[PDB]
Structures are given as structure tokens and as C-alpha cells.
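There are 2 protein chains.
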Amino acid sequence: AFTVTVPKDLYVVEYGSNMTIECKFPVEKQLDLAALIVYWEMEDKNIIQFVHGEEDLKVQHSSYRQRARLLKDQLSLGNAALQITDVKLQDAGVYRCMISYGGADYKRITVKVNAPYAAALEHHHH
Amino acid sequence: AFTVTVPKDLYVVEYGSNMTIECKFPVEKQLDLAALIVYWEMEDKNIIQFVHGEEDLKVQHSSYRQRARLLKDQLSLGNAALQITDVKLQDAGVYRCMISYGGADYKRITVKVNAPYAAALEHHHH
Ligand SMILES: COc1cc(-c2cccc(-c3ccc4c(c3)OCCO4)c2Cl)ccc1CN1CC[C@@H](C(=O)NCCO)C1
Ligand SMILES: [Cl-]
Ligand SMILES: [Cl-]
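Protein chains in written order, with the working numbering: chain U, 4 to 129; chain B, 4 to 129.
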């Protein structure tokens with residue numbers, strides 16, 4: 004019974020920091036990279052689309068350009084880790100990691116962003 | 004390039020009526036029912052989970068119990084049609100049909116529900 008799991012369903016991160024959001028999927032010893040599809044989104048925004056052992060940045064939402072990456076090292080360990088660099092207040096929301104690997108499933112992850120006045124003020128007027 | 008498509012991304016339905024929400028996926032001549040995964044949800048509520056040629060009502064959200072069904076006749080024609088009977092105001096929302104069939108994709112469908120005063124009054128006072 005194919006299941007994606009999340010060690011943490013909540014992340015509290017500081018504006019300006021890097022975060023790694025993780026989800027696990029069952030890998031039995033050896034990864035079948037051909038069959039693997041990893042897809043990250045927040046609300047409805049495409050972050051990552053890993054298919055046929057390669058990311059597809061053509062479909063990636065502009066706000067996550069050059070600052071969103073899948074950690075391919077961890078994929079062998081059944082960990083689809085999404086790193087977001089330079090976290091903004093816009094990154095606060097519900098993420099979804101959708102994985103297909105024989106079966107298919109997804110999990111939700113809530114991200115809260117703490118920001119000082121200055122950063123908040125700018126986001127407020129936007 | 005595996006793609007789910009929706010003829011209509013918006014449905015306006017009357018309280019008390021039945022609705023059929025549709026998604027298409029490419030079927031090349033013959034359906035491989037073993038590989039097919041169809042999954043319907045509305046705002047994170049599980050409606051349908053079709054896998055290994057069979058629905059799984061164990062994970063189905065209670066509000067869609069006995070009144071939500073996948074049209075299996077149309078699956079061979081690459082049409083994952085979700086029928087909801089006796090539409091309520093609670094059914095208004097964003098639906099997602101997630102399909103895995105070799106590749107994987109999903110589409111969003113917005114449903115609006117028109118209801119008379121009486122039905123609205125009852126929904127208003129949850
Ligand atoms: C068979 O069960 C499912 C199946 C699919 C499911 C079905 C079909 C396709 C895809 C999928 C795969 C990759 C993609 C993609 C879509 O579109 C493009 C990007 O790459 C998924 Cl994912 C989805 C869900 C479930 C069931 N889960 C288990 C409980 C519940 C859950 O975990 N909720 C979240 C809790 O935080 C729903
Ligand atoms: Cl996590
Ligand atoms: Cl439709």
C-alpha cells in the first residue's frame with residue numbers, strides 16, 4: 004500500500020533563511036528512477052517537477068525560480084527533499100509533495116514564516 | 004507528455020440536483036486497468052480512490068458517503084467522470100482529479116452551488 008509520509012507537517016522558518024521540506028516514499032533497496040515522479044506545489048504553484056530522472060523548470064512558477072531545488076542525493080533513501088533558499092513571506096502556505104512510484108500518494112505540509120517588521124511592511128504593501 | 008484535461012473547469016449546479024464532473028486522460032486503444040489510479044478530492048476531502056480496478060471507500064470522507072461514484076464505463080474511453088448525487092452547499096469548492104496512468108497529472112475544477120433561501124439559511128446556521 005503505497006504511502007507518502009512526512010516527518011514534519013509543520014515548519015516555522017525565519018524570513019531570509021533556507022528551509023528543507025521533506026517527504027518520504029518507500030524505496031526497497033534500489034531506486035527505479037524511470038518510474039519516479041516527484042512533484043512539489045504550494046497552493047497551486049508548481050515548484051518542482053521531477054520525471055524521467057530530470058527536473059523540468061519550464062513549468063516552474065516564477066516565484067520559485069533559481070531558489071527551489073530537489074535534493075537528488077536523498078531520493079535513493081526514499082526522501083523527496085525540497086530546498087527553498089531565501090525564504091520570503093510569500094512562501095508561507097500549504098505545500099503538497101505528490102509522488103508517483105508504482106503507486107501514488109501525496110502529503111500536505113504547512114509552512115509558517117516569521118518576519119521582522121520591515122519585511123512584513125513590504126509584504127503588507129504588495 | 005501525460006496530461007489530464009477538463010472540458011469544463013467551472014460547474015454551476017442547483018442545490019438538490021446531481022452533477023457529473025469530468026476529467027479526460029489519454030487511453031491508447033486499450034485500458035491498462037492495473038496501472039490506473041484515479042483520485043478525486045475537494046479541498047483535501049477524499050471523494051474517490053480507484054486503484055487496482057477497485058474503489059476504496061475506507062478512506063472516503065463521510066460527507067461523500069453513498070452519494071459519490073466513479074463512472075467506470077467511461078474509464079475505457081479515458082474519462083474519469085465523478086458523479087455526485089443530491090448536491091449540497093458544502094459541495095461548492097475546488098475539486099481535484101488526480102490520475103496516474105503511466106505518467107501522472109491532475110486538474111482543478113471549481114463548483115458553485117445555487118441554493119434557495121431555506122437551504123442557505125440552514126447552511127448559514129451550521
Ligand atoms: C491512491 O491514493 C491516492 C492517489 C493519489 C494520486 C492519484 C493519481 C495521481 C497522483 C499524482 C501523482 C504525482 C503527480 C500528479 C498526480 O500530478 C502531477 C504531478 O505529479 C496522485 Cl498523488 C493521491 C492521493 C491518494 C490517497 N491519499 C492517501 C490519504 C490522503 C492523504 O495522504 N492526504 C494528504 C494528507 O496531508 C490521500
Ligand atoms: Cl517533512
Ligand atoms: Cl469538466
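Each residue gets a CB set at the ideal place from its N, CA and C atoms; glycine is no exception.
Fill in: Beta-carbon separation (whole angstroms), B/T23 vs B/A84, contact threshold 8 Å
5 Å
Worksheet item: If you draw a straight line from the C-alpha of U/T113 to the C-alpha of U/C100, how long is it?
Response: 11 Å
Practice prompt. For my contact list, B/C26 and B/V7 are in at a C-beta cut-off of 8 Å; report their separation, rounded to the angstrom.
Written response: 5 Å
Fill in: Interface partners of B/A107 on chain U, CB under 8 Å
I40, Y42, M101, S103 and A107
Worksheet item: Does DSSP classify residue 2 of chain U as helix, strand or coil?
Response: No statement about residue 2 of chain U is possible, as the shown extent of chain U runs from 4 to 129 and does not include it.
Worksheet item: When you compare each of B/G56, B/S65 and B/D35 to B/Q93 by their alpha carbons, which one comes out closest?
Response: B/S65
Fill in: Nearest-angstrom Cβ-Cβ length linking U/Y18 and U/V116, presumed shorter than 8 Å
6 Å
Worksheet item: Hey, would you say the C-beta of B/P29 is under 6 Å away from at least one heavy atom of ligand 3?
Response: no
Discussion item. Measuring only the C-alpha atoms, how far is B/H127 from B/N21?
Written reply: 22 Å
Discussion item. For a test of the three-state rule: what should DSSP assign to B/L124, helix, strand or coil?
Written reply: helix
Practice prompt. Taking 7 Å as the limit, tell me which residues put their C-beta closer than that to any heavy atom of ligand 2, in chain order.
Written response: U/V9, U/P10, U/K11, U/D12, U/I24, U/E25, U/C26 and U/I112
Worksheet item: Does the separation of the CB atoms of B/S103 and U/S103 fall below 7 Å?
Response: yes
Discussion item. Under DSSP, the beta strand (DSSP E) around U/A37 begins and ends at which residues?
Written reply: Counting along the chain, U/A37 falls outside any beta strand (DSSP E), and DSSP gives it neither H nor E.
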